[PDB]
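First, one chain by itself in structure tokens, the form deposited in one PDB entry.
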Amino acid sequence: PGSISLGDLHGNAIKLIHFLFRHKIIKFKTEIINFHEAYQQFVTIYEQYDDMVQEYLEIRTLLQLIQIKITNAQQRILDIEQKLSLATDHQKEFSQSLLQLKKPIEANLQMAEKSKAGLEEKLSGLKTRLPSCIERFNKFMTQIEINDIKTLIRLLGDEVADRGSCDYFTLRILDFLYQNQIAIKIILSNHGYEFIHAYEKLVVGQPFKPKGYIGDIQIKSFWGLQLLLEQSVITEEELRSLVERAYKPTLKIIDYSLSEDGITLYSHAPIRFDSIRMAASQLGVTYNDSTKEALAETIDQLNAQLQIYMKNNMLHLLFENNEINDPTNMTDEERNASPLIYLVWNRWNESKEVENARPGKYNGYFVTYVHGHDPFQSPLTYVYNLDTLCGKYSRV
């Protein structure tokens, strides 16, 4: 009834596969003879898909730029055409000048349209290659079976919408775990938020587009999924199924585990202990931590509120603050105003390693902190900064 936590994913489905193999959660079926050959198949699929998404991102950028060029040229042509139409009978040099001024704009517009068509054809070429990639991924997934079912898997965040190749692979792996009754919890993260932002727009009839605070290269794995949806390689029905059953139910603002005499607090970013009380304040949850069980119950109630916001497609209401200058170093006022932003964006440093930030004993119970990768290394023996593919076990 223990758990293993993974703090280093960055939207990279190979890293999830690596973690699941190395901790004996999954294994190849008996029929597979060559482990390294079978595993290298996914590495190759993943790399080829990564290259296709890179190609897509460059096409996306060029298409956006060319559409600005086309719209500008069209507006300028229309303006000159109105001036010519409104001309007086004594404006022959005026009309002659404007007629010849319009020609280079028309030529630029034709060149931009031709360029746009070529980029659309390149995108069409990508679409013809995408099914082959997915079919090879599907064949790989049929070679896998569950091994250990008794261990809770915890992902500390940035599992989607990050620097890897494709959130579809990751969602499919989460759904494989769901179909095999594996207990899994995922901490809400700053990259996870970009994904959820896009998904809850999609299901209300807005574009499946991220918030866009994080740049496209740093949410590449979202674009790897969106490419499949926009090119009709996967159905919106399947995306909704994966997200609704295998992803959203796992999400926690904060997770915990209880020992005989202590609590362990799992967060995405490194966080002060008192940020939990601030999160309770924003969400209308009564905060109590007099005992480890009371703090556990407080956190349960925070996570129930998260599920209410997500079920209503309104998580974005808790993640909007246009006055924060640096979400990795939020001021006292900013932390109080937007505690969930702090919980997913904070980065530790020496000035934050102070007395009372993260006590190791509190109200007579021990407190252990486990969070996702962060550059700063705290010397506190009860702070675990998971910047490795190796999992952290919870003990007896």
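The numbering used is simple: start at 1 and walk along the sequence shown.
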**Message:** On mean Cα temperature factor in this entry, is 304-312 or 142-150 the higher one?
**Reply:** 142-150
**Request:** Would you determine, from the values in the PDB entry, which of 34-42 and 341-349 has the greater average C-alpha temperature factor?
**Result:** 34-42
**Item:** From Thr170, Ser115, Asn190, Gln91, residue of greatest CA B-factor
**Value:** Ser115
**Asked** Based on the PDB record, which member of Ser97, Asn72, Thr250, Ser241 exhibits the highest Cα temperature factor?
**Response** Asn72
**Complete:** Chain-relative C-alpha B factor for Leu380 (record values, thirds): the highest
**Item:** CA B-factor placement of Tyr49, once the chain's modelled residues are sorted into thirds
**Value:** lowest
**Item:** CA B-factor ranking of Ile68, expressed as a third of its chain
**Value:** highest
**Request:** Ordered by C-alpha B-factor within the chain, which third holds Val367? Give me lowest, middle or highest, please.
**Result:** highest
**Prompt:** So where's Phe222 on the chain's Cα temperature factor ranking, which third?
**Reply:** lowest
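Although not depicted, the form deposited in another entry is the subject of the following passage.
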**Asked** Going between the shown form and the other one, do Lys211 and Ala73 stay in one rigid unit of the two?
**Response** no
